[PDB]
Amino acid sequence: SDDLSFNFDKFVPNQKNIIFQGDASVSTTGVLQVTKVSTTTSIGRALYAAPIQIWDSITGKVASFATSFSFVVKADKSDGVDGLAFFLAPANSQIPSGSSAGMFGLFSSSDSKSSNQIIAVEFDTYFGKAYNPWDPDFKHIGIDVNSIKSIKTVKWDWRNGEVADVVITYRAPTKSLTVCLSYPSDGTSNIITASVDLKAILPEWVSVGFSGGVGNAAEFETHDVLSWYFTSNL
Amino acid sequence: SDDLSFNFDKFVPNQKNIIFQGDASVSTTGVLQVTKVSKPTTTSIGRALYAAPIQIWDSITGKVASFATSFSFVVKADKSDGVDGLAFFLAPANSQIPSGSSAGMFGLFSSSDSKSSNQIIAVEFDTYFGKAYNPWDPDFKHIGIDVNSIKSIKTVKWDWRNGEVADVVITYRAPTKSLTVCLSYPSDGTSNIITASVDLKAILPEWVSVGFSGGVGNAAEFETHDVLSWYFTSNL
Amino acid sequence: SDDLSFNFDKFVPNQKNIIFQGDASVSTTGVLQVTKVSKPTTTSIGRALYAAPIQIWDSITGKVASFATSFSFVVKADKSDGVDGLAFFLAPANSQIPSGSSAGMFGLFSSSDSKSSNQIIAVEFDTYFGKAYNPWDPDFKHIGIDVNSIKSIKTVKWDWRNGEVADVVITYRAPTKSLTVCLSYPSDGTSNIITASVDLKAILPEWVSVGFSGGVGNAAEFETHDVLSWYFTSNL
Amino acid sequence: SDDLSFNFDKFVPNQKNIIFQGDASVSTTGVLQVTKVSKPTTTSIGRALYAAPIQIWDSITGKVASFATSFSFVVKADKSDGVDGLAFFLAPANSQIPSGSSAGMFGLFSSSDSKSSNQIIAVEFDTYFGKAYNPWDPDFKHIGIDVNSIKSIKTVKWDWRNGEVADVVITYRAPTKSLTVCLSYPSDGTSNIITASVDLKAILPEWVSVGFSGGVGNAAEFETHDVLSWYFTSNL
Ligand SMILES: CC(=O)N[C@@H]1[C@@H](O)[C@H](O)[C@@H](CO)O[C@H]1O
Ligand SMILES: CC(=O)N[C@@H]1[C@@H](O)[C@H](O)[C@@H](CO)O[C@H]1O
Ligand SMILES: CC(=O)N[C@@H]1[C@@H](O)[C@H](O)[C@@H](CO)O[C@H]1O
Ligand SMILES: *[C@@H]1O[C@H](CO)[C@@H](O)[C@H](O)[C@H]1NC(C)=O
Ligand SMILES: *[C@@H]1O[C@H](CO)[C@@H](O)[C@H](O)[C@H]1NC(C)=O
Ligand SMILES: *[C@@H]1O[C@H](CO)[C@@H](O)[C@H](O)[C@H]1NC(C)=O
Ligand SMILES: *[C@@H]1O[C@H](CO)[C@@H](O)[C@H](O)[C@H]1NC(C)=O
Ligand SMILES: [Ca+2]
Ligand SMILES: [Ca+2]
Ligand SMILES: [Ca+2]
Ligand SMILES: [Ca+2]
Ligand SMILES: [Mn+2]
Ligand SMILES: [Mn+2]
Ligand SMILES: [Mn+2]
Ligand SMILES: [Mn+2]
């Protein structure tokens, strides 16, 4: 059998196997609101309570993993900020000091420091050159490796209020990370793949989860994840 | 636990849990060659199904199954182009290759009509789109969702890479009747995706057989249709 | 992921992924009656196998598969006693019921000899031990590990409960060649257990079929042999 | 898919997904020594829990989880006998070792009373049954189902084999409130089994932590309490 495999068809208020950081919490309707819904600036992260071994220093083996989740980003106006992200970080990592919504509570700055040890898949809704000079000129899906400045991005045809199903696979033998996104409501689909060597970026033990932010209360939007499936294997 | 879940990291010559139809077989190197590779090359049609039928929906409870499958395949053409393509499909339990089928129909259809009695849902990786022989195809190599007809209900440009390995993930989420096809080439990062709505209960019978099919209609424009591995899960 | 994993929470009449041999069938209430239950009772023999063969060992790598299975069954006798029993088994791929088989051999054997050509490993839940007719059996109802012969290599007293549901877990751990049979009756806490060493590579071919078999040799001492659910996993 | 499923074929020193309490740790040879092993032996108590809490039941839907776990352990005594035993348990999420606990209570209890506030269900493999210090134990080494008390609700003779590896399978079937403990020694075929009815919803909180605990109350009668591997699955 595989090393780890967990599935959440729904979340429950004060779920003991999820570590809530910042404003992240789960509503009475069973959805994980990584960003606070009320109105105000917000940053939040939710991690699975147990660390995962992404690679072994003894055998040299690297883990292959696959995850699936459905999320909704509902903006009041036609646009919102800032985005949501799925990430892998050092075991029991805390939100960095001086982090901002535009960095999804994953980074202290816009530099590419190898000490960050973070790999994330962002669903970036804000790309304003005023605050995020590193972003391309459209809403996007990006593969982030130790920096908020994605190594590869793709146009994200975001649909306001609609549910998006995402499948992310990492195949160790080919160092391939593929992000599969689709909207069952209208058939809109976006995809992106990049090469990433986990052994080169992350430590042996990591924590997986979601993070997100709202930098401007005036351009509010939700960052709700409805369900989450995850498997890893060395 | 889920109803069914199988995984083949590699295939073995004369694998007893795979039903070989036509020219399909597995080489000594452990790959499933749905299409014959011989040199001297030749016209070919082949299909490989998992030996056990799967219940895709229940008439008693009304439930429909959700499924997910993953496979890696290679299509290596001698020249810069080849024919005809490969397909992943769901058909009536223990379905045989139709009479008078052709490579361009991947051994799944007797004709180009859209008959509801075909009871076939397939995801095609079409390499040949010549109007002279395949008038129903768009003007480029494509990935298509086929429902009871070789004339896809939805297609998308397929950025095929000669000889490179492609990883595919196909998911079917019953509650939303959503079929998503995720394709990527780890070698250069090329990715193609397509999704469509399909009600399995409306198209297929309760019991189906799943597998791969493919064809080579013109030996002069030969190409391989090899699947390297295969993972599959279904649940009611 | 594991090579194979299937689960049946219930069965459906004319289930396409189960091969029915003899009198085996599934009732409208969703239970697998390996033995016939009819108005005027009668002699019966039946077997039900999963439709797809399983690779229990590989001759290329030398690897042997570990497997685990779980099922719940009921044996309801009219009088206080019944015949003949039920068995879970592994046999050559797509094996048929042998000619001249009898209920006391659960449709698995042609005779009482220990022929290596039988290639059968089975776990029997033997209800009939009549010395004159089944001279090989011990003096009580039992659970037995059968290897190429109806004369078990190891048995244990089976505290059978008429009409009660029994939950069984059978595990085979390849690295230690250990086969463990875990049986329990949730209704009163009765539990029976037995383990034995068996080298699958030495007994069975690479490809096998798994399933249940059972029999009723004397219609006068009728009893049912119903399996309610079935879970199975194997991995090389 | 199931709610949770994890598997450890071996352990690694300072494993981040296991919470070590007391003297529990993992050696360089990859084994979980819940009890301390050292040149000069000593009194010891230790517990190891999976780092993430598990939802054993939901107060919203009323659903209760079914779970299954499998592990192999070794208890090697210097002399012919040893103390005190090992236990697999479910306790309140992130539970700590109680104050004034002793080896004979496996670091699970503060006393021998049956307090409902303990909220502990455990399966013990008790090696010490001395009436002077463990008056609640039967007159032999045993496997016991403990519910809120070190005085088991049901026990069974445990045919312990010094230094030999034991394979254990524990299943909890929610619909029948049945807890079955299956133990076997692949080396000689020795097998012990025990079943009991336990309503998890009545005993434990919604969120629990699972793991192993053990103790050595008298260094003079030292023995190891090593777990070699561990598989676990739960589902609501
Ligand atoms: C200090 C701060 O909050 N900066 C945020 C920035 O991270 C975000 O990208 C931007 C757009 O919403 O809004 C700003 O207020
Ligand atoms: C009857 C027949 O074989 N027709 C095939 C057709 O299926 C295929 O699309 C085409 C291109 O290879 O070649 C034709 O010969
Ligand atoms: C030839 C034949 O049918 N022999 C059966 C025997 O297999 C069974 O063990 C016994 C008890 O029911 O009844 C006999 O009639
Ligand atoms: C960025 O985060 C790291 C970790 O919290 C911290 O050490 C560093 O000082 C932060 N930068 C600033 C300006 O606080
Ligand atoms: C097409 O295939 C079906 C199934 O084998 C067959 O009945 C039919 O006669 C074939 N030919 C035509 C022209 O439909
Ligand atoms: C036993 O079964 C085998 C296989 O069907 C058969 O070859 C053999 O002749 C049978 N024995 C008898 C006495 O019929
Ligand atoms: C026994 O353990 C409980 C739980 O930690 C604790 O509250 C109690 O005070 C302990 N009893 C004694 C005498 O310390
Ligand atoms: Ca941004
Ligand atoms: Ca074509
Ligand atoms: Ca008998
Ligand atoms: Ca004791
Ligand atoms: Mn960005
Ligand atoms: Mn086409
Ligand atoms: Mn017998
Ligand atoms: Mn005890």
# chains A, B, ... in the order shown; residues from 1 in each chain; ligands from 1
>>> interface_residues(of="chain C", to="chain D", cutoff="8 Å", atoms="only C-alpha atoms", output="mmCIF file with N, CA and C atoms, in the first residue's frame")
data_model
loop_
_atom_site.group_PDB
_atom_site.id
_atom_site.type_symbol
_atom_site.label_atom_id
_atom_site.label_comp_id
_atom_site.auth_asym_id
_atom_site.auth_seq_id
_atom_site.Cartn_x
_atom_site.Cartn_y
_atom_site.Cartn_z
ATOM 1 N N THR C 176 6.890 -14.196 4.505
ATOM 2 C CA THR C 176 6.971 -15.256 5.511
ATOM 3 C C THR C 176 6.187 -16.510 5.121
ATOM 4 N N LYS C 177 5.596 -16.494 3.923
ATOM 5 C CA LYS C 177 4.814 -17.618 3.409
ATOM 6 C C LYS C 177 3.723 -18.018 4.401
ATOM 7 N N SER C 178 3.170 -17.019 5.080
ATOM 8 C CA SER C 178 2.150 -17.243 6.094
ATOM 9 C C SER C 178 0.719 -16.952 5.660
ATOM 10 N N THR C 180 -3.036 -16.814 7.097
ATOM 11 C CA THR C 180 -3.824 -16.746 8.324
ATOM 12 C C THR C 180 -5.309 -16.591 8.049
ATOM 13 N N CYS C 182 -8.853 -15.748 9.800
ATOM 14 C CA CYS C 182 -9.492 -15.115 10.938
ATOM 15 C C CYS C 182 -10.999 -15.152 10.827
ATOM 16 N N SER C 184 -14.866 -14.756 12.809
ATOM 17 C CA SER C 184 -15.601 -14.298 13.982
ATOM 18 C C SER C 184 -17.091 -14.116 13.715
ATOM 19 N N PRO C 186 -19.985 -11.833 14.981
ATOM 20 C CA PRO C 186 -20.335 -10.631 15.749
ATOM 21 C C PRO C 186 -21.509 -10.791 16.725
ATOM 22 N N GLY C 189 -19.638 -13.245 19.702
ATOM 23 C CA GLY C 189 -18.220 -13.147 19.984
ATOM 24 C C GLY C 189 -17.389 -14.384 19.721
ATOM 25 N N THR C 190 -17.996 -15.437 19.183
ATOM 26 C CA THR C 190 -17.264 -16.673 18.878
ATOM 27 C C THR C 190 -16.202 -16.405 17.814
ATOM 28 N N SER C 191 -14.977 -16.859 18.067
ATOM 29 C CA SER C 191 -13.873 -16.633 17.139
ATOM 30 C C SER C 191 -12.988 -17.856 16.951
ATOM 31 N N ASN C 192 -12.602 -18.105 15.706
ATOM 32 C CA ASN C 192 -11.738 -19.232 15.377
ATOM 33 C C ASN C 192 -10.620 -18.714 14.496
ATOM 34 N N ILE C 193 -9.425 -19.253 14.692
ATOM 35 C CA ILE C 193 -8.281 -18.814 13.913
ATOM 36 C C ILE C 193 -7.346 -19.977 13.574
ATOM 37 N N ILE C 194 -6.665 -19.862 12.438
ATOM 38 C CA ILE C 194 -5.732 -20.884 11.983
ATOM 39 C C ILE C 194 -4.725 -20.292 10.997
ATOM 40 N N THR C 195 -3.453 -20.662 11.122
ATOM 41 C CA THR C 195 -2.449 -20.183 10.170
ATOM 42 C C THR C 195 -1.560 -21.347 9.784
ATOM 43 N N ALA C 196 -1.015 -21.287 8.575
ATOM 44 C CA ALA C 196 -0.148 -22.342 8.057
ATOM 45 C C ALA C 196 0.842 -21.759 7.054
ATOM 46 N N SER C 197 1.948 -22.458 6.824
ATOM 47 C CA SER C 197 2.943 -22.002 5.846
ATOM 48 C C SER C 197 2.644 -22.614 4.487
#
>>> interface_residues(of="chain D", to="chain A", cutoff="9 Å", atoms="only C-alpha atoms", output="number ranges by chain")
D: 1-9, 15-18, 50-55, 93, 207-208, 231
>>> residues_near_ligand(ligand="ligand 11", cutoff="7 Å", atoms="only C-alpha atoms and all ligand atoms", output="VMD selection string")
chain D and resid 84 to 85 104 126 to 129 134 137
>>> select_by_dssp(residues="stretch 33-216 of chain C", states="helix (DSSP H, G or I)", output="list in words")
residues 103, 104, 105, 174, 175, 176, 200, 201, 202 and 203 of chain C
>>> residues_near_ligand(ligand="ligand 13", cutoff="12 Å", atoms="only C-alpha atoms and all ligand atoms", output="PyMOL selection string")
chain B and resi 83-87+103-106+112+122-131+133-147+149-158
>>> residues_near_ligand(ligand="ligand 7", cutoff="12 Å", atoms="only C-alpha atoms and all ligand atoms", output="MDAnalysis selection string")
chainID D and resid 91:92 94:102 105 107:120
>>> residues_near_ligand(ligand="ligand 1", cutoff="9 Å", atoms="only C-alpha atoms and all ligand atoms", output="PyMOL selection string")
chain A and resi 41-42+80-82+98-104+126-128+130-132+213-220
